[PDB]
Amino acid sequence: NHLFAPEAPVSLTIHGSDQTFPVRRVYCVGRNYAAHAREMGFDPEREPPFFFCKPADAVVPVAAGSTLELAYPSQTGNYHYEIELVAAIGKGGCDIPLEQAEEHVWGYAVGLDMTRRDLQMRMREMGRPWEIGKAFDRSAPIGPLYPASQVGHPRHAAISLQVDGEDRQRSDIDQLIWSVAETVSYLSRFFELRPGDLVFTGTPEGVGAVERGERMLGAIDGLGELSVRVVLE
């Protein structure tokens, strides 16, 4: 008996299906590609990856063959793209063994961890929480969800981001420091994973600023493409 209608849950389109995947929590892995860790001035051999979150309602589903018109955000001069493999949780649990971890992943999609980099870097230098840099409005564009019933659990796949026809990021998901299986196991030590949860597994090297009017195209092998154009605030 709600006082007023809640926000409907953000629901991902599912490739080749009329059914949608309702989003619960949004987990993100930071510094999960050695080359990216190094370009940000960190040592991936002496410090491990780490976890942060975005609200479900920062997730913005983008249909295949469509372009998201994404408003440049408030309170930033330094707005970064980050292409990422997204794993969707179908089966929950705690302290999930590495050997069954990928069995908890219902599907995969192309995602962007859009970032107010100036704000994120200011919070990092002040030892403060990163939410103003990472957990902001429409900060997680994502493509259709591909079921592991279709695409299995890929350990190899090219991951790429182009801006205005220019390659900016090109790596392979097999470069993840914590693989999908490791990230699901380790996340499950700190939180009970549940169906609907998404994991943004981190971004390869080549992250950069994007300005209004510029167009981005991300792709992962087997997972199609993600088209986003940055427009006015």
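A residue's number is simply how far along the shown sequence it sits, counting from 1.
Between 38-46 and 183-191, the higher mean Cα B-factor belongs to 38-46. Annotation for 171-179 versus 24-32: the higher mean temperature factor (C-alpha) is found in 171-179. For the set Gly152, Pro141, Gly133, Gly93, the PDB entry assigns the largest Cα B-factor to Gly152. Among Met114, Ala109, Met126, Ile89, the highest C-alpha B-factor in the deposited entry belongs to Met126. Placement of the Cα temperature factor of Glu69 within the chain: middle third of the modelled residues, per the deposited record.
The entry lists a Cα temperature factor for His80 that places it in the lowest third of the chain's modelled residues. In the deposited entry, the Cα temperature factor of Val105 places it in the lowest third of its chain's modelled residues. For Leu161, the recorded CA B-factor ranks within the middle third of the chain. Only modelled residues enter the ranking. In the PDB entry, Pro204 places in the highest third of its chain by CA B-factor.
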